[PDB]
Amino acid sequence: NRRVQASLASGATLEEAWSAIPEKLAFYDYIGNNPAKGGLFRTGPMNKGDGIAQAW
Amino acid sequence: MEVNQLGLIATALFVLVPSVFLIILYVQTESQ
Amino acid sequence: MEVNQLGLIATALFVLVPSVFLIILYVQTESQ
Amino acid sequence: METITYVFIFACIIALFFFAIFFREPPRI
Amino acid sequence: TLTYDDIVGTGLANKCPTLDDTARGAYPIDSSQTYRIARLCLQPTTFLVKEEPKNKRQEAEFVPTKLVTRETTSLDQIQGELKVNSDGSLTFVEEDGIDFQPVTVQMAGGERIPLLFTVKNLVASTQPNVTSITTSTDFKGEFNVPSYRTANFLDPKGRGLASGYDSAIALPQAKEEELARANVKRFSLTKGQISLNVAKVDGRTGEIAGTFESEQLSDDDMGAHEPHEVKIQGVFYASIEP
Amino acid sequence: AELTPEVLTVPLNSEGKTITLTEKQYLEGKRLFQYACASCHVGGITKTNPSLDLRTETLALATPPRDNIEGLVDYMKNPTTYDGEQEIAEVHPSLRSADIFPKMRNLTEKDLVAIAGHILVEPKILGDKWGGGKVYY
Amino acid sequence: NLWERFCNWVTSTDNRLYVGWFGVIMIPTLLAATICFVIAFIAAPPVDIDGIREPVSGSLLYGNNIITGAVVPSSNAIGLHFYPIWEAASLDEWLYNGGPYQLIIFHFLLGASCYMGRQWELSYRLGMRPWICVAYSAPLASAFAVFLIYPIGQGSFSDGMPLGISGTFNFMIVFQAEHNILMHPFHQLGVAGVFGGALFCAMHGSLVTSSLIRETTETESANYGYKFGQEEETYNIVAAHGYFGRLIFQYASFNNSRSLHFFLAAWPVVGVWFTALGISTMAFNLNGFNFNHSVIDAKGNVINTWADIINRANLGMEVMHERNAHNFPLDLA
Amino acid sequence: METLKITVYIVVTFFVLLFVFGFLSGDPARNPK
Amino acid sequence: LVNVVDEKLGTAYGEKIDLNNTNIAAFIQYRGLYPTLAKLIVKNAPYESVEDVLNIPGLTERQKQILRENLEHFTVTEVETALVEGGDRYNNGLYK
Ligand code: CLA
Ligand code: CLA
Ligand code: CLA
Ligand code: CLA
Ligand SMILES: CC(C)=CCC/C(C)=C/CC/C(C)=C/CC/C(C)=C/CC/C(C)=C/CC/C(C)=C/CC/C(C)=C/CC/C(C)=C/CC/C(C)=C/CC1=CC(=O)C(C)=C(C)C1=O
Ligand SMILES: CCCCCCCCCCCCCCCC(=O)OC[C@H](CO[C@@H]1O[C@H](CS(=O)(=O)O)[C@@H](O)[C@H](O)[C@H]1O)OC(=O)CCCCCCCCCCCCCCC
Ligand SMILES: CCCCCCCCCCCCCCCC(=O)OC[C@H](COP(=O)(O)OC[C@@H](O)CO)OC(=O)CCCCCCCCCCCCCCC
Ligand code: HEC
Ligand SMILES: CC1=C(/C=C/C(C)=C/C=C/C(C)=C/C=C/C=C(C)/C=C/C=C(C)/C=C/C2=C(C)CCCC2(C)C)C(C)(C)CCC1
Ligand code: OEX
Ligand SMILES: [Cl-]
Ligand SMILES: [Cl-]
């Protein structure tokens with residue numbers, strides 16, 4: 001939100017500001033990557049759960 | 001039911017490996 | 001490779017069971 | 001998993017060679 | 001003068017002829033005459049394959065690869081008609097010669113990319129008014145890229161186009177609607193782009209040399225899968241004859 | 001099944017005239033064919049040019065017609081292409097080029113008739129096997 | 001007298017495994033070939049054996065099992081050219097062209113040849129007779145035939161026997177279609193050598209076991225009737241000969257144990273020697289008997305035999321083997 | 001690769017020299033009698 | 001996804017000698033076409049019609065009438081890339 005507000009302050013449209021956000025940064029802001037959301041016998045990689053992330 | 005396919009061998013080896021260990025030790029104790 | 005899901009367990013038992021049988025017999029012989 | 005099984009058996013055989021040679025039952029006259 | 005027994009096994013057989021640094025002259029083109037290329041030679045030094053992007057939809061880059069088919073990549077003895085068209089511009093029309101070489105390169109990850117490095121039916125033109133072929137003369141045109149395998153080629157299961165089975169015989173009662181792309185073979189024919197940049201000219205012999213850059217598609221395995229975008233760079237040598 | 005005279009009866013020229021070969025004559029034409037032809041013409045095919053065979057149907061459509069004794073003997077003297085547009089004795093064994101094809105030197109006129117006959121008789125015995133290839137082996 | 005200490009340990013008879021001077025070469029080479037084989041059999045990428053840009057997968061990680069797995073022969077483009085690692089621009093190229101194959105078999109053939117010599121060496125150190133190595137020459141020649149001699153005569157190591165189970169079968173089938181090895185009197189002597197070997201092995205084994213002198217009871221193994229290094233023979237050859245001499249006739253049986261055992265060595269070794277030479281001679285295209293269209297009736301019709309049926313089977317392998325590698329009607333290479 | 005070639009060449013030479021000098025070191029004498 | 005080669009067998013190509021696709025070896029099935037005229041036909045291919053084969057430069061009056069006697073055995077379909085590439089018209093990989 002700090003990076004978006006900075007973009008809006010520089011005179012960019014709402015579509016431009018959010019487009020400047022790295023997909024890697026948005027991916028960190030997703031509870032599926034939270035290590036406190038798994039299960040003891042939910043085995044394997046995280047991609048076995050929510051799936052393999054393709055795009056934002 | 002769509003269970004874990006590795007669940008079968010994991011359960012079987014969970015039983016066999018330590019059970020065999022005890023059977024080995026026992027039989028060789030009686031033969032003494 | 002889309003192989004049989006029972007291939008792993010069938011191979012594991014085919015090794016383990018008769019080999020365990022032999023190991024058991026051996027250890028109770030050396031103890032005699 | 002097939003590969004792991006094949007290699008595991010091969011590994012056991014090689015191990016068996018080592019024990020059947022250096023830790024064999026010593027032949028006595 | 002070198003002979004075959006001096007070159008055999010050295011790798012120089014895959015090397016295009018070169019011109020010394022003192023060859024920066026110009027070969028005059030007289031519109032009254034008819035010209036030809038008696039020998040065109042293309043030696044690749046770098047193969048670039050465009051990575052198939054994730055889902056980012058931003059520009060896909062060409063990554064460096066490694067050649068595994070050794071020194072079997074050079075085109076040579078390519079001859080054709082060099083026409084002087086109305087606006088003074090020159091245009092080369094490829095006719096015959098060793099105008100193709102199968103090449104397999106390996107990408108990071110281990111993926112192998114077979115491709116038919118070729119310039120078949122190349123028609124490359126220059127800018128208008130070329131009184132002489134100088135060291136700033138550029139040749140740009142297009143060529144045809146035929147299928148990597150021809151029509152008689154049989155896959156490991158004996159399927160093909162002009163020959164072979166037309167189904168998966170190992171699976172007699174399998175639904176063929178899924179294996180349709182692997183059962184039905186297709187012969188590809190795509191277009192290629194290439195730019196020949198002259199850097200050296202010997203006006204007394206009619207010999208030119210420089211670097212080229214071509215863009216084409218790789219092998220599609222007779223329609224089995226999607227081809228890759230391949231870029232080939234290297235040097236070239238050509239001799240002009242009236 | 002035997003080697004009857006009607007089997008050994010082969011066309012002489014291109015206007016209906018025929019000739020009945022003897023059994024020994026056929027055995028001679030067989031021996032001479034193995035001597036100076038078999039290398040390229042085993043079973044009626046052509047190893048150095050599989051597009052042309054020694055089948056009677058093929059010989060008939062040649063120019064000039066080669067489905068007779070008169071035609072084959074002439075070919076063994078002055079061989080030409082299938083259309084007869086050019087002479088090829090420089091690359092095909094013949095009396096005309098027996099200097100570069102030494103096996104054609106000791107071949108008499110009688111020897112050529114026997115060979116020509118064997119070429120015509122054989123497909124009447126083997127059928128489509130003659131000039132068929134490995135398919136009919 | 002320091003180099004002498006090294007020589008003594010090398011030629012030492014008190015080592016658990018004898019080293020020897022042949023072993024000085026044998027041990028590194030065999031280890032080299034073995035290590036490379038294990039790695040290649042598991043993790044090697046596909047190999048373009050026929051040199052037509054058609055890579056053949058042979059390793060486990062690339063979709064093979066134990067039965068279909070193989071180390072694939074070097075490319076046909078290479079031929080008989082020596083192709084070490086340092087002759088390739090990269091390991092990727094080296095693997096693509098069948099590099100591991102040459103590395104293994106060359107280290108192996110060297111190691112195996114030294115193995116034979118190593119057998120003579122220990123026998124000399126122990127005061128034995130030295131011809132056990134001569135018996136080992138029979139399988140060693142067989143390995144030399146399919147790994148070295150046949151590629152030489154054919155002009156490529158791509159026509160060498162692949163290091164795999166299915167690849168071996170591929171070698172046998174293609175061989176029959178081109179050499180008719182079955183109708184070759186040397187393979188037939190080889191078959192007679194291995195069938196007879198197995199027969200005589202079962203035969204000798206049964207007759208000695210049958211004539212075992214009772215030293216044990218019914219509640220224990222008969223093997224415990226023999227002690228390692230005992231002076232007395234464990235069986236009765238007189239009784240054994242009495243039996244086999246009546247099974248056929250006495251003059252068809254051996255009363256001499258030395259003469260009998262020599263026959264046991266001679267028969268399969270000589271037999272394998274011939275089938276070894278069979279591959280070696282068929283390597284230069286001196287092929288098996290050809291009786292195709294040999295029987296002819298009075299008219300001239302071909303009367304087929306069992307040989308012509310064999311031919312039809314050979315035609316099937318021929319026209320299908322390496323379906324993309326031939327551009328001309330005659331299969332010479 | 002040049003480094004590898006030199007390394008193997010030296011390794012091979014070393015062992016071959018052991019084989020030659022080894023058997024030249026009175027091998028017939030090395031026997032029980 | 002259709003096999004163009006099989007699909008082309010359902011056209012005139014499967015009945016007559018296609019002057020734009022058929023391998024040169026098929027000209028042997030008729031009199032005086034192989035190999036002279038056969039080479040000329042394939043070389044000057046393709047043709048929009050069968051009769052265009054009569055306008056090949058260098059033909060003699062004898063050659064023209066031979067072609068005329070075999071027009072009924074000829075046909076012309078669209079050039080198939082799968083039949084003309086790799087020099088298949090001169091060698092389709094089929095012998096005996
Ligand atoms: C410190 C140890 C450790 C850790 C933290 C991890 C972590 C990981 N491993 Mg690894 N792994 C380890 C050791 C470890 N591994 C070892 C030693 C091996 C060799 C056998 C492996 C073999 C291995 C494989 C083959 C795989 C992983 C995978 C994984 C991932 C998923 C794990 C999972 O789902 O577990 C599940 C955990 C459990 C179900 C919990 C088990 C609890 C036990 C059964 C309790 C036993 C209780 C006892 C019997 C009772 C006693 C009673 C008392 C009275 C005595 C993760 C990244 C997976 C992956 O993503 O690969 C890409 C995968 O496929 N690991
Ligand atoms: C016992 C040791 C030994 C031997 C005999 C060999 C032999 C071989 N190795 Mg191996 N290798 C060895 C150890 C050995 N290797 C070890 C320990 C390693 C691990 C580092 C390797 C790693 C290795 C690699 C990576 C490669 C080889 C390869 C080779 C081949 C070519 C070698 C070469 O060019 O030598 C050149 C040596 C000489 C010219 C010797 C010069 C000095 C002598 C005295 C000259 C006279 C020789 C003459 C034959 C007489 C000998 C005496 C007597 C028999 C009469 C060959 C099959 C290559 C291969 O397989 O290519 C396909 C290959 O790529 N080796
Ligand atoms: C029905 C049984 C039978 C018999 C009698 C034979 C017999 C023969 N086979 Mg055949 N074979 C058989 C089954 C049989 N085969 C089967 C089921 C298979 C698998 C499908 C094969 C596969 C096979 C192969 C692949 C080959 C043969 C060959 C042979 C020959 C040598 C075999 C040999 O040395 O064996 C080993 C056994 C011995 C050495 C013991 C002695 C054997 C001889 C023949 C006994 C002779 C007795 C004598 C006539 C008695 C004299 C009495 C008095 C005057 C003193 C021989 C003609 C080989 C061949 O073609 O050779 C020309 C060959 O290459 N066989
Ligand atoms: C009944 C049928 C039959 C029989 C009995 C045989 C019998 C034989 N065939 Mg024939 N064959 C048959 C049918 C048959 N064939 C058919 C139908 C075909 C046509 C498809 C063929 C095609 C054919 C071919 C093409 C070849 C044979 C060969 C052979 C021989 C194989 C054994 C050999 O070479 O040992 C010899 C022993 C060895 C090769 C082993 C060497 C071992 C080395 C020294 C050491 C290895 C160590 C190892 C790597 C590690 C050990 C580890 C351990 C210490 C822990 C033998 C004479 C082969 C032959 O004659 O080779 C000379 C051969 O090349 N056959
Ligand atoms: C209805 C009616 C008429 C009824 C009447 C019946 C009647 C009264 C009949 C009587 C008349 C009559 C005799 C009829 C028979 C007619 C006839 C000709 C029958 C023959 C049939 C026939 C051909 C049979 C086959 C013959 C045969 C088996 C030949 C075998 C030849 C052969 C393979 C020999 C090899 C033997 C050999 C080399 C052995 C050594 C190798 C070896 C490993 C030996 C192992 C070994 C050997 C030892 O030696 C000892 C010591 C020990 C330790 C040992 O390891
Ligand atoms: C018109 C052609 C004319 C011929 C032309 C040449 C043809 C070839 C001739 C070859 C002659 C060879 C003579 C060999 C003598 C010998 O080996 O003695 C060695 C022993 C001595 O016997 C033992 O001999 C002893 C006496 S003595 O000391 O040896 O003199 C005696 O005490 C004992 O009882 C006895 O068993 O012989 C035997 O033990 C008998 C069985 C040996 C069989 C021959 C050896 C194996 C042959 C090949 C087998 C595989 C072939 C088939 C493979 C599929
Ligand atoms: C108890 C017998 C069991 C035999 C089972 C196998 C039969 C095979 C077909 C017939 C073979 C004919 C040849 C016999 C040859 C013959 O004559 O045998 C005879 C022999 C008895 O001989 P003697 O008692 O005279 O032996 C004297 C001793 O001093 C040994 O020398 O019988 C056996 O050895 C039994 C053991 C066989 C074991 C075979 C291997 C079994 C492997 C089983 C693996 C199971 C895996 C399970 C996984 C879940
Ligand atoms: C290898 C050098 C050959 C030998 C030996 C013989 N012939 Fe041949 N022949 C050969 C070729 C390559 C061809 C076809 C080329 C061409 O354009 O003709 C032929 C053709 C014939 C023909 C014509 C068949 C036809 O369809 O018209 C005939 C009649 C013929 N050859 C006969 C013949 C005889 C009798 C031979 C033994 C003396 C003989 N040929 C040997 C190649 C070779
Ligand atoms: C953990 C893990 C895993 C695996 C497991 C396994 C499977 C293991 C195994 C292991 C093993 C199974 C091991 C083995 C080993 C063996 C050995 C180690 C042996 C050795 C031997 C030797 C060394 C010997 C040698 C010799 C000599 C010395 C000389 C003579 C010859 C001989 C050879 C004898 C998995 C994959 C799941 C996953 C990941 C993790
Ligand atoms: O590569 Mn393996 O096999 Ca001796 O033959 Mn020719 O090449 Mn290929 O065909 Mn048949
Ligand atoms: Cl094959
Ligand atoms: Cl070829």
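Residue numbers start from 1 in every chain, and the chains themselves are labelled A, B, ... in the order their sequence lines are given, proteins ahead of strands. Atoms within a ligand are numbered from 1 in the order they appear, just like the ligands themselves. FYI, side chains are in, hydrogens and waters are out, and symmetry mates aren't considered; it's all heavy atoms of this structure.
What you find for I/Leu94 and I/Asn92 is that their closest heavy atoms are N-OD1, 3.1 Å. Residues G/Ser142 and G/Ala276 share a closest heavy-atom pair of OG-CB, 3.7 Å. Minimum interatomic distance between G/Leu95 and G/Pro45 (heavy atoms only, all atoms of both residues): CB-CG, 3.6 Å.
Close approach of ligand 3 to G/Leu199 (heavy-atom distance below 4.0 Å) involves ligand atoms 37 (C), 38 (C), 40 (C). In the vicinity of G/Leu110, heavy-atom distances shorter than 4.0 Å reach the ligand 2 atoms 5 (C). Of all atoms in ligand 2, listed by their number and element, those nearer than 4.0 Å to a heavy atom of H/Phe15 are 1 (C), 2 (C). Close approach to G/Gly196 involves these atoms of ligand 3, each under 4.0 Å from a residue heavy atom: 36 (C). Atom numbering of ligand 3 starts at 1 in the shown order; those under 4.0 Å from a heavy atom of G/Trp267 are 39 (C).
Remark: atom 1 (C) of ligand 2 lies closer than 4.0 Å to at least one protein heavy atom. Atom 24 (C) of ligand 3 is approached by the protein to below 4.0 angstrom, counting heavy atoms only. Remark: atom 55 (C) of ligand 3 lies closer than 4.0 Å to no protein heavy atom. Remark: atom 37 (C) of ligand 2 lies closer than 4.0 Å to at least one protein heavy atom. In this structure, atom 50 (C) of ligand 2 is not in close contact with the protein, since no protein heavy atom lies within 4.0 Å of it. Taking a distance limit of 4.0 Å, we find that atom 18 (C) of ligand 2 is approached by no protein heavy atom. Less than 4.0 angstrom separates atom 15 (N) of ligand 3 from none of the non-hydrogen atoms of the protein. Closer than 4.0 Å to atom 64 (O) of ligand 3 lies at least one heavy atom of the protein. Protein heavy atoms are absent from the space less than 4.0 angstrom from atom 47 (C) of ligand 2. For atom 4 (C) of ligand 3, the nearest protein heavy atom is 4.0 Å or more away. Distance check on atom 61 (O) of ligand 3: some protein heavy atom falls below the 4.0 Å cut-off.
Using a 4.0 Å cut-off between a side-chain N of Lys or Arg and a carboxylate O of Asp or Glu, E/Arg149 and G/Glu54 do not qualify as a salt bridge. Salt-bridge formation is detected for the pair E/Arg70/G/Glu93: a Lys NZ or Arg NE/NH1/NH2 atom is positioned less than 4.0 Å from an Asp or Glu carboxylate oxygen. Using a 4.0 Å cut-off between a side-chain N of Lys or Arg and a carboxylate O of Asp or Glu, H/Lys5 and G/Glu87 do not qualify as a salt bridge. Remark: G/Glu4 engages H/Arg30 in a salt bridge, criterion side-chain N to carboxylate O under 4.0 Å.
Protein heavy atom in closest approach to atom 58 (C) of ligand 2: G/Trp86 CH2, 3.7 Å. The protein atom (non-hydrogen) at minimum distance from atom 40 (C) of ligand 2 is H/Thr13 OG1, 4.0 Å. Nearest protein heavy-atom neighbour of atom 43 (C) of ligand 2: H/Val16 CG1, 4.3 Å. Taking atom 30 (C) of ligand 2 as the reference point, the nearest protein heavy-atom neighbour is G/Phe82 CZ, 4.0 Å. In this structure, atom 28 (C) of ligand 3 lies nearest to the protein heavy atom G/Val191 CG1, 4.5 Å. Of the protein's non-hydrogen atoms, G/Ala192 CB, 4.6 Å is the one closest to atom 31 (C) of ligand 3.
The option with the heavy atom closest to atom 21 (C) of ligand 3, from among G/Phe195, G/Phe186, G/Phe249, is G/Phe195. Distances from atom 59 (C) of ligand 2 to the heavy atoms of G/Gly111, G/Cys36, G/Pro84 put G/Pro84 nearest. Proximity annotation for atom 33 (C) of ligand 2: of G/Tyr83, H/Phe19, H/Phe14, H/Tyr9, H/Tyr9 comes nearest, heavy atoms only.
The salt bridge (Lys or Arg N to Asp or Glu O under 4.0 Å) check on G/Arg53 picks up nothing, with sequence neighbours excluded.
In this model, no donor atom of one side chain and acceptor atom of the other lie less than 3.5 Å apart for G/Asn64 and G/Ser59. Checked by atom type, the side-chain pair G/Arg125/H/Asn31 shows no donor-acceptor distance below 3.5 Å. No side-chain donor-acceptor contact under 3.5 Å links G/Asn287 and G/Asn180. G/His261 and G/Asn256 form no side-chain donor-acceptor contact under 3.5 Å, judged by distance and modelled atom types alone. If you check the side chains of G/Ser156 and G/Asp159, you find no donor sitting under 3.5 Å from an acceptor.
In this structure, G/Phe291 has its ring center closer than 6.0 angstrom to the ring center of G/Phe289.
Residues F/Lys134 and G/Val319 form a side-chain contact, since some pair of their non-hydrogen atoms from C-beta on lies under 4.5 Å apart. Counting heavy atoms from C-beta on, the side chains of G/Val72 and G/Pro162 never come closer than 4.5 Å. Residues G/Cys7 and G/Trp21 have side chains in contact (heavy-atom distance under 4.5 Å, counting atoms from C-beta outward).
Note that OG1 of G/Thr281 is 6.0 Å distant from CG of G/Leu286, once rounded to the nearest 0.5 Å.
With waters left out, the protein N, O or S atoms under 2.8 Å from atom 10 (Mg) of ligand 2 add up to 1.
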